[PDB]
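Structure data (mmCIF, C-alpha atoms) from query18.cif:
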data_coords
loop_
_atom_site.label_atom_id
_atom_site.label_comp_id
_atom_site.auth_asym_id
_atom_site.auth_seq_id
_atom_site.Cartn_x
_atom_site.Cartn_y
_atom_site.Cartn_z
CA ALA A 17 0.00 0.00 0.00
CA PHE A 18 1.39 3.40 -0.93
CA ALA A 19 0.00 4.92 2.28
CA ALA A 20 1.74 2.18 4.35
CA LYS A 21 5.10 2.78 2.68
CA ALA A 22 4.59 6.53 3.09
CA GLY A 23 3.85 6.01 6.84
CA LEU A 24 6.91 3.82 7.22
CA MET A 25 9.16 6.46 5.56
CA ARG A 26 7.88 9.23 7.82
CA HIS A 27 8.45 7.02 10.87
CA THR A 28 11.92 5.95 9.72
CA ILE A 29 13.04 9.56 9.09
CA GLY A 30 12.14 10.47 12.69
CA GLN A 31 13.94 7.40 14.06
CA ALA A 32 17.05 8.03 11.96
CA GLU A 33 17.16 11.59 13.25
CA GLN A 34 16.83 10.46 16.88
CA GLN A 35 19.54 7.84 16.48
CA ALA A 36 21.97 10.36 14.90
CA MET A 37 21.28 13.04 17.54
CA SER A 38 21.80 10.51 20.34
CA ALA A 39 25.03 9.17 18.79
CA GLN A 40 26.44 12.70 18.44
CA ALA A 41 25.63 13.51 22.05
CA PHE A 42 27.28 10.24 23.15
CA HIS A 43 30.37 10.82 21.04
CA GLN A 44 30.83 14.42 22.29
CA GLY A 45 30.64 13.17 25.91
CA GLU A 46 32.97 10.21 25.25
CA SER A 47 35.51 12.55 23.64
CA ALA A 48 35.32 14.98 26.58
CA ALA A 49 35.74 12.17 29.14
CA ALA A 50 38.63 10.59 27.18
CA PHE A 51 40.40 13.96 26.98
CA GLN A 52 40.03 14.56 30.74
CA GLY A 53 41.49 11.10 31.49
CA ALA A 54 44.35 11.57 29.03
CA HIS A 55 45.06 15.04 30.47
CA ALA A 56 45.19 13.67 34.01
CA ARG A 57 47.61 10.93 32.83
CA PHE A 58 49.76 13.51 31.05
CA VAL A 59 50.01 15.69 34.20
CA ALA A 60 50.92 12.64 36.35
CA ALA A 61 53.62 11.60 33.83
CA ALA A 62 55.03 15.13 33.65
CA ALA A 63 55.37 15.21 37.46
CA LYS A 64 57.43 11.99 37.21
CA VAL A 65 59.57 13.44 34.42
CA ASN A 66 60.28 16.49 36.57
CA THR A 67 61.25 14.33 39.57
CA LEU A 68 63.51 12.20 37.36
CA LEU A 69 65.19 15.27 35.80
CA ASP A 70 66.07 16.47 39.31
CA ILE A 71 67.53 13.06 40.14
CA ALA A 72 69.61 13.19 36.95
CA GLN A 73 70.85 16.68 37.83
CA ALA A 74 71.83 15.55 41.39
CA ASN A 75 73.84 12.70 39.85
CA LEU A 76 75.87 14.90 37.48
CA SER B 14 78.22 18.32 29.96
CA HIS B 15 76.41 20.24 32.72
CA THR B 16 75.33 23.24 30.64
CA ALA B 17 74.41 20.69 27.97
CA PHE B 18 72.23 18.83 30.52
CA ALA B 19 70.77 22.15 31.66
CA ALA B 20 69.89 23.08 28.08
CA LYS B 21 68.10 19.76 27.50
CA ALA B 22 66.34 19.65 30.86
CA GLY B 23 65.04 23.20 30.30
CA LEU B 24 63.84 22.40 26.79
CA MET B 25 62.08 19.23 28.00
CA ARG B 26 60.25 21.20 30.71
CA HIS B 27 59.32 23.91 28.22
CA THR B 28 58.21 21.38 25.58
CA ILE B 29 55.97 19.54 28.08
CA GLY B 30 54.11 22.80 28.83
CA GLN B 31 53.82 23.63 25.14
CA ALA B 32 52.55 20.16 24.26
CA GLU B 33 49.91 20.44 26.99
CA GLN B 34 48.64 23.84 25.78
CA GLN B 35 48.65 22.68 22.14
CA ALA B 36 46.69 19.50 23.00
CA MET B 37 44.11 21.41 25.06
CA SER B 38 43.62 23.82 22.15
CA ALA B 39 43.41 20.90 19.68
CA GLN B 40 40.65 19.17 21.72
CA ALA B 41 38.62 22.38 22.04
CA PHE B 42 38.95 22.86 18.30
CA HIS B 43 37.98 19.24 17.55
CA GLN B 44 34.86 19.46 19.79
CA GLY B 45 33.83 22.70 18.04
CA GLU B 46 34.52 21.20 14.58
CA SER B 47 32.48 18.08 15.32
CA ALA B 48 29.56 20.15 16.64
CA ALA B 49 29.62 22.56 13.63
CA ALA B 50 29.78 19.66 11.16
CA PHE B 51 26.85 17.87 12.85
CA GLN B 52 24.73 21.02 13.06
CA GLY B 53 25.21 21.67 9.35
CA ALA B 54 24.44 18.10 8.30
CA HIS B 55 21.45 18.01 10.68
CA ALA B 56 20.11 21.20 9.08
CA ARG B 57 20.50 19.61 5.60
CA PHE B 58 18.78 16.44 6.81
CA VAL B 59 15.83 18.39 8.27
CA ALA B 60 15.38 20.35 4.98
CA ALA B 61 15.49 17.11 2.95
CA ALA B 62 13.08 15.37 5.33
CA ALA B 63 10.63 18.28 4.98
CA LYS B 64 10.87 17.92 1.16
CA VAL B 65 10.21 14.19 1.42
CA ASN B 66 7.19 14.71 3.74
CA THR B 67 5.92 17.42 1.39
CA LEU B 68 6.20 15.15 -1.65
CA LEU B 69 4.53 12.28 0.22
CA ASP B 70 1.65 14.61 1.19
CA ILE B 71 1.22 15.61 -2.45
CA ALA B 72 1.34 11.95 -3.61
CA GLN B 73 -1.24 10.82 -1.03
CA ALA B 74 -3.55 13.73 -1.88
CA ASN B 75 -3.20 13.08 -5.64
CA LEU B 76 -3.62 9.34 -5.50
CA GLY B 77 -6.47 9.53 -2.94
CA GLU B 78 -8.22 6.15 -2.76
CA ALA B 79 -5.58 4.69 -5.13
CA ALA B 80 -2.95 5.03 -2.36
CA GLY C 20 21.89 0.91 9.26
CA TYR C 21 19.37 3.67 8.52
CA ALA C 22 21.08 4.86 5.30
CA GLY C 23 20.27 1.62 3.48
CA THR C 24 16.74 1.44 4.89
CA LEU C 25 15.98 5.04 3.84
CA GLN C 26 17.39 4.39 0.37
CA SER C 27 15.44 1.13 -0.14
CA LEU C 28 12.15 2.55 1.21
CA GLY C 29 12.63 5.54 -1.05
CA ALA C 30 13.13 3.30 -4.07
CA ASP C 31 9.97 1.30 -3.01
CA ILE C 32 7.94 4.50 -2.95
CA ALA C 33 9.32 5.65 -6.31
CA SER C 34 8.29 2.28 -7.78
CA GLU C 35 4.85 2.33 -6.31
CA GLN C 36 4.16 5.90 -7.48
CA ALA C 37 5.22 4.81 -10.99
CA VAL C 38 3.00 1.67 -10.77
CA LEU C 39 0.08 3.98 -9.86
CA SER C 40 0.92 6.54 -12.63
CA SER C 41 -2.47 6.16 -14.35
CA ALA C 42 -4.16 7.26 -11.10
CA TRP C 43 -2.08 10.45 -10.87
CA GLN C 44 -4.09 13.67 -11.18
CA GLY C 45 -2.17 15.91 -13.66
CA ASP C 46 -4.01 19.20 -12.95
CA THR C 47 -3.31 19.65 -9.21
CA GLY C 48 0.13 21.26 -9.46
CA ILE C 49 3.30 19.18 -9.67
CA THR C 50 3.22 16.73 -12.65
CA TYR C 51 3.82 13.00 -12.54
CA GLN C 52 7.37 13.27 -13.97
CA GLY C 53 8.09 16.39 -11.92
CA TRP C 54 7.27 14.40 -8.79
CA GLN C 55 9.55 11.50 -9.79
CA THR C 56 12.45 13.90 -10.42
CA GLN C 57 11.93 15.82 -7.18
CA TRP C 58 11.43 12.65 -5.16
CA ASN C 59 14.72 11.15 -6.36
CA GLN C 60 16.69 14.33 -5.57
CA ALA C 61 15.07 14.67 -2.11
CA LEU C 62 15.90 11.05 -1.32
CA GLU C 63 19.53 11.44 -2.41
CA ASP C 64 19.74 14.65 -0.34
CA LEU C 65 18.20 12.86 2.63
CA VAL C 66 20.47 9.81 2.45
CA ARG C 67 23.61 11.94 2.00
CA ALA C 68 22.68 14.30 4.86
CA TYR C 69 22.08 11.29 7.12
CA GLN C 70 25.50 9.87 6.27
CA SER C 71 27.02 13.30 7.00
CA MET C 72 25.40 13.33 10.48
CA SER C 73 26.57 9.82 11.33
CA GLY C 74 30.01 10.19 9.84
CA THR C 75 33.22 9.95 11.79
CA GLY D 20 54.77 17.51 16.11
CA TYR D 21 55.33 17.17 19.81
CA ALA D 22 55.17 13.38 20.17
CA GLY D 23 58.38 12.88 18.16
CA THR D 24 60.09 15.84 19.82
CA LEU D 25 59.28 14.63 23.33
CA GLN D 26 60.62 11.14 22.36
CA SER D 27 63.84 12.48 20.81
CA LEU D 28 64.53 14.91 23.67
CA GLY D 29 63.82 12.14 26.16
CA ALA D 30 66.26 9.83 24.40
CA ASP D 31 68.92 12.59 24.27
CA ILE D 32 68.61 13.12 28.03
CA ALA D 33 68.90 9.38 28.77
CA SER D 34 71.96 9.03 26.50
CA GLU D 35 73.68 12.08 27.91
CA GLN D 36 73.17 10.68 31.42
CA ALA D 37 74.64 7.32 30.32
CA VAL D 38 77.85 9.02 29.13
CA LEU D 39 78.22 11.66 31.86
CA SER D 40 77.24 9.74 35.05
CA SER D 41 80.55 8.33 36.34
CA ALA D 42 79.30 7.73 39.97
CA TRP D 43 75.57 7.36 40.58
CA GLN D 44 74.58 8.55 44.11
CA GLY D 45 72.46 6.05 46.08
CA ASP D 46 70.80 8.67 48.31
CA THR D 47 68.76 9.90 45.31
CA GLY D 48 66.64 6.77 45.82
CA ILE D 49 67.66 4.79 42.65
CA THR D 50 70.57 3.30 40.61
CA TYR D 51 71.35 4.35 36.97
CA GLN D 52 69.41 1.34 35.71
CA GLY D 53 66.51 2.14 38.05
CA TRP D 54 66.50 5.72 36.81
CA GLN D 55 66.67 4.64 33.16
CA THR D 56 63.75 2.22 33.53
CA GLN D 57 61.64 4.89 35.27
CA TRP D 58 62.62 7.57 32.77
CA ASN D 59 61.68 5.48 29.75
CA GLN D 60 58.39 4.47 31.40
CA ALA D 61 57.57 8.11 32.30
CA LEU D 62 58.30 9.24 28.72
CA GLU D 63 56.17 6.47 27.25
CA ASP D 64 53.30 7.41 29.52
CA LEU D 65 53.77 11.10 28.74
CA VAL D 66 53.84 10.69 24.95
CA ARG D 67 50.89 8.22 24.90
CA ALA D 68 48.76 10.63 26.99
CA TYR D 69 49.67 13.53 24.65
CA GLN D 70 48.64 11.52 21.57
CA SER D 71 45.34 10.64 23.27
CA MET D 72 44.69 14.30 24.21
CA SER D 73 45.40 15.67 20.72
CA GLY D 74 44.07 12.86 18.51
#

With the file now loaded, output its structure as structure tokens.
Amino acid sequence: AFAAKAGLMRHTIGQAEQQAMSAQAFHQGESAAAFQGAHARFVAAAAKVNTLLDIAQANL
Amino acid sequence: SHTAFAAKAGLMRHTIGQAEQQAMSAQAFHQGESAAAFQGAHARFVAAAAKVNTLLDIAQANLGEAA
Amino acid sequence: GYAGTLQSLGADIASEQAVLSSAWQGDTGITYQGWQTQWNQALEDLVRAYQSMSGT
Amino acid sequence: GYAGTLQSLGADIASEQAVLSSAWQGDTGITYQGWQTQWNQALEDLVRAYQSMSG
């Protein structure tokens, strides 16, 4: 039935839109969280590098 | 030797700070780029969807009982 | 997998409108062929915009 | 391109230390080998975190 296929298309457009919006929101949040974790790990590593540079200097 | 170590230690400390600032700026840019790209595509999708719904409305009206 | 579903549904509707071409009123505005042409461009625009939204 | 620069600088520091360090002091809490292991691990962690932050 044309009307059935037309109904299905209208429904599917709305679903596709909702899926894409949701995925973008998820991906923005996942990126933000991954950056914060990475940044924390970078800062911790840099602290160690600074401690180790001082040790090197003391042993020159 | 010692002034050589000092040179390298100083550059490493400087480079770590620069890398951090660069990476923070890169992330902010990437988040903005992703959002702008989505917004644009979403606006195109909405316009196309409205065209499709319009054309379906016309087809249903035209076909009437034949739909 | 909405891109494929939208594309295939759109092709189904194009086919059905063509199958019902004899029932198409030609004095209401947009013509039978006009509709086919506009439908196929809208569908392409729709599928491509959806892929743009989803696209890494 | 900071990843490669951090790695190269890090290697230069380690290799300088290896040639300069004629009498490692124990009161600094490690040996040369202990320092080298920790240095290379710190640099790895540092560079991997940077690459995650920026892409």

Picked residues, the PyMOL selection byres ((chain D and resi 47) around 8), as a count of residues only | 8

Which neighbours of residue 29 (chain D) fall inside 8 Å, counting all atoms listed in the file, when residues of the same chain fewer than 5 positions from it are skipped, and could you give them as a ChimeraX atom specification?
-> /B:25 /D:59,62

Output as a PyMOL selection string the set of chain B residues within 7 Å of chain A, with distances taken over all atoms listed in the file.
-> chain B and resi 22+44+62+66+69+73+80

So that I have them on file, write out the residues from the current selection with C-alpha atoms, as a compact mmCIF listing (two decimals), keeping the file's coordinate frame.
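Done, and the output landed in result-v2.txt:
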# COMPACT_ATOMS: atom_id res chain seq x y z
CA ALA B 22 66.34 19.65 30.86
CA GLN B 44 34.86 19.46 19.79
CA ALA B 62 13.08 15.37 5.33
CA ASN B 66 7.19 14.71 3.74
CA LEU B 69 4.53 12.28 0.22
CA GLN B 73 -1.24 10.82 -1.03
CA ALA B 80 -2.95 5.03 -2.36

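The spacing separating CA of residue 26 (chain D) from CA of residue 38 (chain D) amounts to 18.6 Å.
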
Spatial neighbours of residue 63 (chain C), max dist 9 Å, all atoms listed in the file, sep filter under 5 positions, as a list in words =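 Everything that qualifies: residues 61 of chain B; 26, 58 and 68 of chain C.
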
Would you give me, as a list in words, the residues of chain D that come within 7 Å of chain B, using only C-alpha atoms?
->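 Residues of chain D within 7 Å of chain B, counting only C-alpha atoms: residues 21, 28, 32, 39, 69, 72 and 73 of chain D.
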
For chain B, report every residue with an atom at most 12 Å from chain C (counting only C-alpha atoms), formatted as an MDAnalysis selection string.
-> chainID B and resid 43 46:80

Would you place a box with edges along x, y and z of the file around all atoms of region 26-32 of chain A listed there, add 4 Å to each of its six sides, and report the centre and edge lengths in Å to one decimal, as JSON?
{"center_x": 12.5, "center_y": 8.2, "center_z": 10.9, "size_x": 17.2, "size_y": 12.5, "size_z": 14.2}
